[PDB]
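Asker: Once you've had a glance at the structure underneath, I'll fire off some questions.
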Number of protein chains: 2
Amino acid sequence: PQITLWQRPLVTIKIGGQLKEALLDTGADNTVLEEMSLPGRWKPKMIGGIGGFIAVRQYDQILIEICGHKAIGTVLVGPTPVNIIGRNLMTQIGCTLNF
Amino acid sequence: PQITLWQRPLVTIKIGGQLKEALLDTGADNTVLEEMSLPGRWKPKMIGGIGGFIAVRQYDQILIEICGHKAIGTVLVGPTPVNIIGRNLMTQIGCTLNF
Ligand SMILES: Cc1c(O)cccc1C(=O)N[C@@H](CSc1ccccc1)[C@H](O)CN1C[C@H]2CCCC[C@H]2C[C@H]1C(=O)NC(C)(C)C
């Protein structure tokens, strides 16, 4: 799959038995999902974007299926308006920028 | 150029006679630079990221040289902590995501 950038690079994910849409985001160090319940224990974390900071819950070794490719990594959960797949997960699916 | 995502995808830009480093950001609709003086007249704009909103100045038809590729487009100027090259400029340089 080659994805051009004329539209947002949204992909379908499967995480915790749920189907979501998420944005492939090269400008994000981390992966950030809207509120959802996840197994097992987490740690509080602040992350900064443009315009300020949000509080999130850090879950490690969480299974995610991104466009049919499985990856396990750290997933942050909190009040983001868009599901974000960051570089931590993108490297696991062999995802590159090209030009 | 193929860019893997193990590190931030930072590139050198030239804009308004100045050299800067900027992040190639698939998760950004717009291009956002820290405070700098630019030719032309501008319009006020609010943009939202994670954790809130910032006020920026919208400059159109601005020349930018991104990793040696010229592009002209809308550049937003304001209190972003990182220079961000968004999709609007990335399409102009033939930039794709691949995996
Ligand atoms: C800059 C920009 C636009 O011009 C237009 C639309 C969105 C954005 C925007 O802020 N996008 C961001 C993701 S968050 C997001 C929020 C709303 C919609 C889509 C994505 C960037 O892609 C990533 N963004 C780039 C960059 C922005 C300036 C501050 C430092 C980083 C923070 C980083 C980021 O947010 N990282 C998290 C791990 C917290 C997710």
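Naming scheme: A, B, ... for chains in displayed order of the structure tokens; residues 1 onward per chain; ligands 1 onward as shown.
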Could the residues that lie within 8 Å of ligand 1, counting only C-alpha atoms and all ligand atoms, be listed as a PyMOL selection string?
Answerer: (chain A and resi 23+25-32+47-51+53+80-84+86) or (chain B and resi 23+25-32+47-50+80-84+86)
Asker: For region 1-6 of chain B, work out the shell of residues within 10 Å, counting only C-alpha atoms and skipping chain neighbours fewer than 2 positions away, then give it as a ChimeraX atom specification.
Answerer: /A:26-27,29,86-92,94-99 /B:8-10,24,67,95-98
Asker: Just want the 8 Å neighbourhood of residue 43 (chain A), counted on only C-alpha atoms, with same-chain residues fewer than 2 positions away dropped. Output as a PyMOL selection string.
Answerer: chain A and resi 41+45+57-59
Asker: Within chain B, find each residue whose DSSP state, derived from the backbone, is helix (DSSP H, G or I), and express the selection as a PDB file with N, CA, C and O atoms, in the first residue's frame.
Answerer:
ATOM      1  N   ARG B  87       0.333  18.261   5.193  1.00  0.00           N
ATOM      2  CA  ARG B  87      -0.015  17.543   3.963  1.00  0.00           C
ATOM      3  C   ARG B  87      -0.105  18.484   2.758  1.00  0.00           C
ATOM      4  O   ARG B  87       0.214  18.083   1.630  1.00  0.00           O
ATOM      5  N   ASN B  88      -0.523  19.727   3.007  1.00  0.00           N
ATOM      6  CA  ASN B  88      -0.693  20.713   1.939  1.00  0.00           C
ATOM      7  C   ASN B  88       0.598  20.936   1.136  1.00  0.00           C
ATOM      8  O   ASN B  88       0.556  21.086  -0.104  1.00  0.00           O
ATOM      9  N   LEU B  89       1.731  20.914   1.838  1.00  0.00           N
ATOM     10  CA  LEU B  89       3.032  21.045   1.211  1.00  0.00           C
ATOM     11  C   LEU B  89       3.638  19.714   0.781  1.00  0.00           C
ATOM     12  O   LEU B  89       4.298  19.642  -0.279  1.00  0.00           O
ATOM     13  N   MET B  90       3.395  18.665   1.577  1.00  0.00           N
ATOM     14  CA  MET B  90       3.875  17.309   1.258  1.00  0.00           C
ATOM     15  C   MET B  90       3.380  16.738  -0.061  1.00  0.00           C
ATOM     16  O   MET B  90       4.134  16.039  -0.735  1.00  0.00           O
ATOM     17  N   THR B  91       2.124  17.016  -0.419  1.00  0.00           N
ATOM     18  CA  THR B  91       1.606  16.599  -1.736  1.00  0.00           C
ATOM     19  C   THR B  91       2.387  17.261  -2.860  1.00  0.00           C
ATOM     20  O   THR B  91       2.582  16.651  -3.909  1.00  0.00           O
ATOM     21  N   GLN B  92       2.831  18.505  -2.636  1.00  0.00           N
ATOM     22  CA  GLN B  92       3.566  19.257  -3.656  1.00  0.00           C
ATOM     23  C   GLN B  92       4.951  18.698  -3.952  1.00  0.00           C
ATOM     24  O   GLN B  92       5.506  18.942  -5.018  1.00  0.00           O
ATOM     25  N   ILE B  93       5.508  17.943  -3.015  1.00  0.00           N
ATOM     26  CA  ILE B  93       6.830  17.350  -3.222  1.00  0.00           C
ATOM     27  C   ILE B  93       6.781  15.839  -3.511  1.00  0.00           C
ATOM     28  O   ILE B  93       7.819  15.158  -3.495  1.00  0.00           O
TER      29      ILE B  93
END
Asker: Between CA of residue 21 (chain B) and CA of residue 7 (chain A), measure the distance and give it in Å to one decimal.
Answerer: 24.5 Å
Asker: Just the strand (DSSP E or B) stuff from region 25-85 of chain A, please, per backbone DSSP, written as a PyMOL selection string.
Answerer: chain A and resi 32-33+43-49+52-66+69-77+84-85
Asker: What's the 10 Å shell around residue 40 (chain A), counting only C-alpha atoms, without same-chain residues fewer than 2 positions away, as a list in words?
Answerer: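 My reading of the contact set: residues 37, 38, 42, 59, 60, 61 and 62 of chain A.
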Asker: Nearest to residue 16 (chain B): which of B:33, B:64, B:75, B:55 is it, counting only C-alpha atoms?
Answerer: B:64
Asker: Tell me, in Å to one decimal, how far CA of residue 54 (chain B) is from CA of residue 17 (chain B).
Answerer: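 It comes out at 25.5 Å.
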Asker: If you measure from CA of residue 22 (chain A) to CA of residue 52 (chain B), what distance in Å do you get, rounded to one decimal?
Answerer: 19.4 Å
Asker: Find the residues near residue 66 (chain B): any atom within 8 Å, counting only C-alpha atoms, skip ones fewer than 5 places away on the same chain, and give them as a PyMOL selection string.
Answerer: chain B and resi 11-14+71
